[PDB]
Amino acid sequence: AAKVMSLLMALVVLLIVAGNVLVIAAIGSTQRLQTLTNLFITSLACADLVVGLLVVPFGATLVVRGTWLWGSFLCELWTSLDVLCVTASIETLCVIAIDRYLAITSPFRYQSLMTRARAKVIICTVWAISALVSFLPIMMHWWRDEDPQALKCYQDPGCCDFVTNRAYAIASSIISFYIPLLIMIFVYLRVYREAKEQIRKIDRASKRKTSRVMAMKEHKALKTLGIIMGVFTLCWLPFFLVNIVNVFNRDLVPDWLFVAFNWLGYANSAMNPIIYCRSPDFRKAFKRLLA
């Protein structure tokens, strides 16, 4: 079991790094892929890449060895880098939802409203918020619990548990996950709602001659919308539920499960290349990039 658990982590890192390198390559190397949407995809892929290179590997060791080998400074920097890259990833998924909703439902308004320079500000904002929730609290010790047993792990350099106070775990969870999850629901719900109301206007048009049914395109669009919300939710909702649970009755949920769910969340970063880069132009670039 601990033989196969370790091998599994390895390919997680392989899938993340490969996938996100392949994406960033494709976008930078293809004139046709440098669209406005793919600008936000580039932000996403950067976040997930840093997850694959630095965040997951150092985390993989802490499971294998059962202790932190690189001393108190790097514990806190790695922790910041983790929170930063997760926050950027998830908040960027949320920006993409918004973007696509506008470009599908108000395409002409969206072209004038959403300039390339406006997109850059949105992107930079997302990383600023991600920094200010991770690096600023974590490096400045605002996250720290006052407990004695918590203060033992802070003084031990072999211990790199992420024990936070009440306030930080609430705020950090809301900012990194819950606000984005609500936005992503609201927004993608108005895509479903818009498409259903549009089919009503088509049946009203017919003067009772036809009633429309879900065709190939409509089932496929609903499957996509499901994958987007399903995979994201599956991957991060368990961890972020449990993270809020620990703020109340910390004994209730085991530590091995808390960590197991944090790995499920890292796995999202391997999924995002697969979900968000299926365009015919991406497919062409990927084959060109693999000689």
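Sequential numbering from 1, following the sequence displayed.
Of 146-154 and 98-106, which one has the bigger average CA B-factor?
Between 98-106 and 146-154, it is 146-154.
Looking at the deposited entry, does 69-77 or 120-128 carry the larger mean Cα B-factor?
Looking at the recorded C-alpha B-factors, 69-77 comes out higher on average.
Could you check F40, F258, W263, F240 and tell me which one carries the biggest Cα B-factor in the deposited entry?
Checking the PDB record, the top C-alpha B-factor among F40, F258, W263, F240 is at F258.
Going by the CA temperature factor in the entry, name the top one among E194, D161, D82, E91.
Reading the PDB entry, the winner on C-alpha B-factor is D161.
Assigned third (lowest, middle, highest) for the C-alpha B factor of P254:
CA B-factor rank for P254: highest third.
If you rank every modelled residue in this chain by C-alpha B factor, which third holds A10: lowest, middle or highest?
Ranked within chain, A10 CA B lands in the highest tercile.
When the modelled residues of the chain are sorted by Cα temperature factor, does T115 land in the lowest, middle or highest third?
Answer is middle: the recorded C-alpha B-factor places it there.
CA B-factor placement of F232, once the chain's modelled residues are sorted into thirds:
Tercile = lowest for this residue's CA B-factor.
Within-chain third of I185 by Cα B-factor, per the entry
As the PDB entry reports it, the C-alpha B-factor of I185 lands in the lowest third of its chain.
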